Amino acid sequence: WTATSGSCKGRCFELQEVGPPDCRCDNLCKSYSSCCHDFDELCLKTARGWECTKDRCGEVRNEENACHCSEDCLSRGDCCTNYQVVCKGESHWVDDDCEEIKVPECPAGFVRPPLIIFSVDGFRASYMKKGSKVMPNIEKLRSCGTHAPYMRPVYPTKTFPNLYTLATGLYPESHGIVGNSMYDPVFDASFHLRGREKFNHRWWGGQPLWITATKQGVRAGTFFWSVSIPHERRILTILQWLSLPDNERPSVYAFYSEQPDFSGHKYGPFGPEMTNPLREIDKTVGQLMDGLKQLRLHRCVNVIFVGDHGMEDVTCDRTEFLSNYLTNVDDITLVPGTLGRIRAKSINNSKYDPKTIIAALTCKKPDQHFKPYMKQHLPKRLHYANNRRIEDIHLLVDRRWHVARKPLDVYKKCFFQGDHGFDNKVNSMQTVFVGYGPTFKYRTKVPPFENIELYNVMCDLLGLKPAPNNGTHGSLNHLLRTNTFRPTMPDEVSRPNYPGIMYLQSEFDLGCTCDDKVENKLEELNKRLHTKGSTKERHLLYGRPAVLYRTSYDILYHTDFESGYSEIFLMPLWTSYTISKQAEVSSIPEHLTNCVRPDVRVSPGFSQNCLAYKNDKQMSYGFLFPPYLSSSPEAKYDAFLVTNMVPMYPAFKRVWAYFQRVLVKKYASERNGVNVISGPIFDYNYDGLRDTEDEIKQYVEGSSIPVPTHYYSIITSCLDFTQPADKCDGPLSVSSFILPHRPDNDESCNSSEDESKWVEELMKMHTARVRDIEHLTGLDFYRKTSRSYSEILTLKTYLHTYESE
Ligand SMILES: *[C@@H]1O[C@H](CO)[C@@H](O[C@@H]2O[C@H](CO)[C@@H](O[C@@H]3O[C@H](CO[C@H]4O[C@H](CO)[C@@H](O)[C@H](O[C@H]5O[C@H](CO)[C@@H](O)[C@H](O)[C@@H]5O[C@H]5O[C@H](CO)[C@@H](O)[C@H](O)[C@@H]5O)[C@@H]4O)[C@@H](O)[C@H](O[C@H]4O[C@H](CO)[C@@H](O)[C@H](O)[C@@H]4O[C@H]4O[C@H](CO)[C@@H](O)[C@H](O)[C@@H]4O)[C@@H]3O)[C@H](O)[C@H]2NC(C)=O)[C@H](O)[C@H]1NC(C)=O
Ligand SMILES: Cc1cc(OCC2=NNC(=O)CC2)c(C(C)(C)C)cc1C#N
Ligand SMILES: [Ca+2]
Ligand SMILES: [Ca+2]
Ligand code: NA
Ligand code: NA
Ligand SMILES: [Zn+2]
C-alpha cells in the first residue's frame with residue numbers, strides 16, 4: 001500500500017529510491033504500482049515529439065514539450081538531441097570523420113570519463129555485417145572503436161542470465177539467475193518474465209556494477225528501464241543526468257533496448273521485418289551520440305555497445321514432446337523451450353527415479369533433437385550445475401528446436417519464428433561488443449571473448465576495484481588504450497620434491513607384473529641423463545605448472561615425458577609431453593599388455609597397486625603418457641610405471657585410447673607438433689573447483705586410490721604453424737578438453753560403432769578453456785614463456801568451439 005498523493009514536481013527520474021509509502025518518481029515506480037499521481041504528466045512528457053524542426057528554433061520555452069528547442073535548452077540540459085543540427089547548422093555525429101581520441105576531452109569538473117553501457121536484446125553477432133547498410137551510427141562506433149567479431153554469452157543464452165552476468169562478471173550458477181524462468185525449492189517460488197516475484201532481491205546474488213560503483217563513491221544511473229518508457233525518453237534522461245552538478249552527476253549509465261529480440265521472436269533472425277528494428281536502434285544510437293556532442297562529451301564518454309544473446313530460427317513444428325518418450329509424463333514438471341529442466345511434479349514422492357527418466361530419454365529416436373544429462377555431466381565449459389535452482393535433469397536442445405512436455409502446451413499456451421537459449425557455443429547465439437571512447441583503442445579488432453570478462457573491464461574503466469568474479473582480470477587488457485590493472489602470476493604454494501632412486505624392487509608388494517629384463521655403458525649414462533631431466537626442455541615447453549595449494553608432490557623426469565606426481569592422490573596432477581610432426585605411433589607389444597612397473601623413486605606407501613584394480617570389477621586403468629607414443633622400445637618401459645597409471649572405467653578407456661593412439665598424432669601432423677599436458681580432475685560437488693581429498697566420493701575398491709570425475713588435456717602448438725611446437729618464437733595456439741570419466745558411453749548415441757565415428761565428436765562437446773582446468777586443478781600453466789602475461793591470460797581464456805563461420 002502506497003499514498004501516491006505526493007508529487008514528482010522537480011523529482012523526475014530521481015536517483016535515490018524513496019522508502020514507503022511517500023510516493024516514487026523513478027523507473028521502478030511503474031513496476032511497484034508506486035508512482036506519484038503526476039508521474040506521467042511531469043515525467044513522461046510527449047508533446048511535440050522528439051525532434052527540433054527549424055520553426056521551433058529559438059522558440060520560447062514551453063515546459064509541456066517533450067524536449068526543447070529554446071535558447072536556454074543546453075544550459076537546462078533538455079534540448080532535443082537534434083537541436084544543434086537543426087537550429088545551429090552543426091553536423092550529426094555520424095557524418096563526422098573518425099578522429100582518434102588520444103586523451104579524454106572532458107568539460108571542467110569531469111573527474112573521469114563517464115561509462116555508458118548501451119545494451120541491445122537479441123542482437124546477433126552477424127547483424128554487424130548483414131545489416132551494416134542500415135546502421136551507420138553503429139557501424140561508425142564499430143569501425144572507429146574497438147570491436148570483436150563476436151562476444152560469447154553465458155548459458156542459457158537467455159536475457160536475464162546474460163544481463164546479470166554482464167553486471168556481475170559471474171556465471172549464472174553463481175549470481176543465481178539461472179534462467180528467465182526458475183523454481184527455487186527453498187523459496188517454494190517461481191521467477192518469471194511477467195510478475196512481481198522477479199523484483200525480490202533474494203533472487204539476485206553477487207555484486208552488480210552499480211553496487212560496486214556506489215560502495216566505492218562512484219554514482220550510477222538506473223540500469224533497469226520500465227518497458228513503457230520510450231527509448232527517446234531513456235536517452236533524454238541519461239543526457240539530463242549528465243548535465244547534473246559534479247557532486248550529483250553519475251559516472252556510469254545504462255541504456256537497454258528490447259529490440260531487436262522482440263521482433264526476432266516474431267519474424268526470425270533475418271526476417272524481412274527485421275530491417276526496421278535495426279534502423280530504429282541505429283537511430284537511438286545517433287540520438288545518444290548527437291546528445292553527447294551537444295554537451296561536448298563525445299570525446300570524453302566511453303560507450304559500450306553490447307548484446308545479451310543472439311537469435312535462431314525456431315518454429316512450433318520443430319518441437320520434441322516428452323509425452324512421445326515417457327509414459328509417466330504427468331509425474332514431471334518441465335521448464336521448456338530451447339533448454340529443458342525436469343524435476344518431480346510432487347516433492348512427496350521417493351517414487352521419483354531420475355535414472356528411469358534419463359534412460360527413457362536417451363538415444364530413443366534416431367533423429368532425436370535433445371540430449372538428457374544429469375547436471376553434473378553437462379560440459380564443464382557451461383558451468384551450469386552448482387545452484388539449487390538448477391534441476392538435476394537437464395536437456396540440451398539442438399539449435400533450431402524446442403522441447404515441451406505434451407502437445408497441448410504448444411497450442412493451449414503458429415506464433416513465433418525465432419528463439420534463443422541454446423548452448424553458448426552455437427553460432428546463432430553469439431552477440432556483439434564494441435567499445436568506443438578515450439579509454440578504448442582506436443580502429444582495433446580484438447578476438448572473440450566471453451561476456452563474463454566485461455565486469456572487470458568496466459570496473460577498470462571507472463577506477464573501481466572489482467568484486468570477486470569469474471573473469472580473468474588482465475585477459476582483456478588488449479581492448480584498452482590505458483590499463484589501470486597489471487596482472488601478475490599467482491605465487492606457487494607447494495614446491496616439488498625431486499626424488500632420486502630410493503627403493504629396491506623387493507620393497508614393493510603392489511601385485512603388479514611386467515616382462516622387462518634384457519641386459520651398454522654409454523647408454524646407462526644416457527638413461528640417467530633422461531631420469532635427471534636432460535630432455536625436459538623438449539617435453540616441458542612452458543615451465544612446470546605451479547601448484548597453488550598446499551600438498552606433497554614429486555617431479556618425475558623420463559626420456560619422453562615429465563610429471564608432477566601427487567603423494568596424496570597417488571597419481572600425477574599433470575603429465576607433460578611433446579609430440580613432433582615426425583613422431584611415430586607404435587603398439588603396446590604383446591608381452592607388455594598387462595605390464596605395470598614399480599617406480600623406484602617413489603615409496604610403496606605412496607604408489608598405486610595392481611591388486612586394487614584386479615578386485616574392482618568396475619574399474620580398470622590407463623596411462624597419462626600414452627605407451628603408443630614412446631620414442632624407442634626401451635623408453636616405452638617408462639610409460640608402464642605405476643606412477644603414470646590412473647583409474648579408468650573400461651568404457652572411458654575406449655575414448656582415451658582413441659585419443660592417445662589416433663588423435664594426438666593427427667593433431668601433431670596438422671599443427672606441426674603439439675605439446676600435451678594431461679591429468680585427472682576431482683569435482684564430486686560440481687562447483688567447478690578442485691576438490692580437497694575429504695570431498696572424494698569414490699575410490700578404487702579397497703584402496704586409497706581416488707577416482708577422477710574428469711580427465712583433461714591442454715594441447716599447445718605454435719600459432720605460426722610453419723614453426724614446430726618445440727621451436728616457436730611467437731604466440732601460441734591452444735585447444736583443451738575436460739572429458740567426463742563415465743562408466744558408460746550413453747552420452748554418445750553412436751558409441752557401438754568404431755571410435756572414429758563418435759569419440760572426437762564427444763571431445764569437441766567437452767572443449768574447455770585452460771582457465772577452466774586451472775580452477776578444477778589448482779594449477780597455473782604457462783609460467784615460463786617468451787610472451788606477455790596479458791597475452792597468456794588471453795590464451796588461457798580461449799575456447800576452441802569447432803563451429804563454422
Ligand atoms: C566464480 O566466482 C565466484 C565469486 O568469486 C566464486 O564463487 C565464490 O565461491 C567461494 C568458494 O566456493 C564462496 O565462498 C564461500 O562464501 C561463504 C559466504 O557466503 C555469503 O557471503 C558472500 C560475500 O559477500 C556471498 O557472495 C555469498 O553468495 C552466495 O549466497 C547466496 C547463496 O544461497 C546467493 O544469493 C549468491 O548467488 C551466492 O550463491 C552462490 O554461492 C553459494 C556458496 O556461497 C552456492 O552454494 C550457490 O549455489 C551459488 O552458486 C553468501 O551470501 C562462506 O560461508 C564459505 O565458507 C565455508 O567454506 C570454507 C571452505 O574453505 C571453509 O574454510 C569455512 O570453514 C566455511 O565452512 C563452514 O561452512 C561450510 C559450507 O557451508 C560448512 O559445511 C562447514 O562445515 C562450516 O560451517 C565460502 O568461503 C563465495 O561465496 C562464492 N561467491 C559467489 C558470489 O558465488 C566461484 O567459485 C567462481 N567459479 C569458478 C568456476 O571459478
Ligand atoms: C545493461 C544492463 C541492463 C539491465 O537491465 C535492463 C532491463 N531493463 N528493463 C527490463 O524490463 C529488462 C531488463 C540489467 C539488469 C541486471 C538490471 C536486468 C543489467 C545490465 C548490465 N550490465
Ligand atoms: Ca534477451
Ligand atoms: Ca569441487
Ligand atoms: Na578391474
Ligand atoms: Na552410447
Ligand atoms: Zn528473446
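Throughout, numbering of the chain's residues begins at 1 and tracks the sequence. Counting starts at 1 for both ligands and their atoms, following the listed order.
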(message) When you measure from the centre of the six-membered ring of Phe270, is the NZ or CZ of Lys130 closer than 6.0 Å and no more than 45° off the axis?
(response) yes
State, yes or no, whether a side-chain contact exists between [X] and [Y] at a heavy-atom distance under 4.5 Å.
X	Y	result
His394	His377	no
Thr284	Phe118	yes
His383	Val154	no
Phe305	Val432	yes
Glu492	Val547	yes

(message) Among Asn387, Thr168, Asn470, which one puts a heavy atom closest to atom 91 (N) of ligand 1?
(response) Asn470
Give the ring-plane orientation class for [X] versus [Y], where under 30° counts as parallel, over 60° as perpendicular and anything between as tilted.
X	Y	answer
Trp203	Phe187	perpendicular
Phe652	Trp656	parallel
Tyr711	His741	perpendicular
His420	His309	parallel

Nearest protein heavy atom under 4.0 Å from [atom], yes or no:
atom	result
atom 49 (C) of ligand 1	yes
atom 37 (O) of ligand 1	yes
atom 61 (O) of ligand 1	no
atom 23 (C) of ligand 1	no
atom 2 (O) of ligand 1	yes
atom 79 (C) of ligand 1	no
atom 15 (C) of ligand 1	no
atom 69 (O) of ligand 1	no

(message) Counting only heavy atoms from other residues, nucleotides and ligands, does the tally under 6.0 Å from NZ of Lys365 exceed 12?
(response) yes
For [atom], grab the closest protein heavy atom and report residue, atom and distance to one decimal in Å.
atom	result
atom 5 (O) of ligand 1	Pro468 CB, 3.5 Å
atom 9 (O) of ligand 1	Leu689 CD1, 5.0 Å
atom 33 (O) of ligand 1	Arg388 NH1, 4.2 Å
atom 47 (C) of ligand 1	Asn386 O, 3.9 Å
atom 41 (O) of ligand 1	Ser174 O, 4.7 Å

(request) For ligand 1, find out whether one of its N or O atoms is nearer than 3.5 Å to an N or O atom of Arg202. (result) no
(message) Counting only nitrogen or oxygen atoms and a 3.5 angstrom limit, does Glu173 reach ligand 1?
(response) yes
(request) Flag the pair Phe255 / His231 as yes when their ring centroid distance falls below 6.0 Å, and as no otherwise. (result) yes
Only heavy atoms of [X], strictly under 4.0 Å: list the atoms of ligand 1 that pass.
X	value
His775	94 (O)
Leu170	2 (O), 3 (C), 4 (C)
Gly205	35 (O), 36 (C), 37 (O)

(message) Once salt bridge (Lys or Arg N to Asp or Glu O under 4.0 Å) is applied, what residue pairs with a partner in residues 261-280 remain, sequence neighbours excluded?
(response) none
(request) Determine the minimum heavy-atom distance between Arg769 and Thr797, stating which atoms define it. (result) CD-O, 3.1 Å
(request) Please report the closest heavy-atom contact between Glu450 and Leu799, naming both atoms and the distance. (result) OE2-CD2, 4.4 Å
(message) Does only the side chain of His175 get under 4.0 Å from ligand 1, or the backbone, or both, or neither? Count heavy atoms.
(response) backbone
(request) For the residue pair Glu760 and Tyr658, confirm or rule out a side-chain donor-acceptor distance under 3.5 Å. (result) no
(message) With no hydrogens and no angle check, just 3.5 Å: does a side-chain donor-acceptor pair link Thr212 and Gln216?
(response) no
(request) List for me each residue that meets side chain to side chain donor-acceptor pair (under 3.5 Å) alongside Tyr325, sequence neighbours excluded, and say none if there are none. (result) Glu320
(message) Distances under 3.0 Å only: what protein N/O/S atoms are near the Na ion (ligand 6), ordered by chain and residue?
(response) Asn745 O, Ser748 O, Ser751 OG
(request) In sequence, state the C-alpha distance, the side-chain angles, and the governing distance for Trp210 and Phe224, and then conclude on ring-ring contact (aromatic ring centres under 6.0 Å, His included). (result) CA-CA 11 Å; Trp210 59 86; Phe224 187 98; 10.0 Å; no
(request) Go around the Zn ion (ligand 7) and count every protein N, O or S atom nearer than 2.8 Å. (result) 4
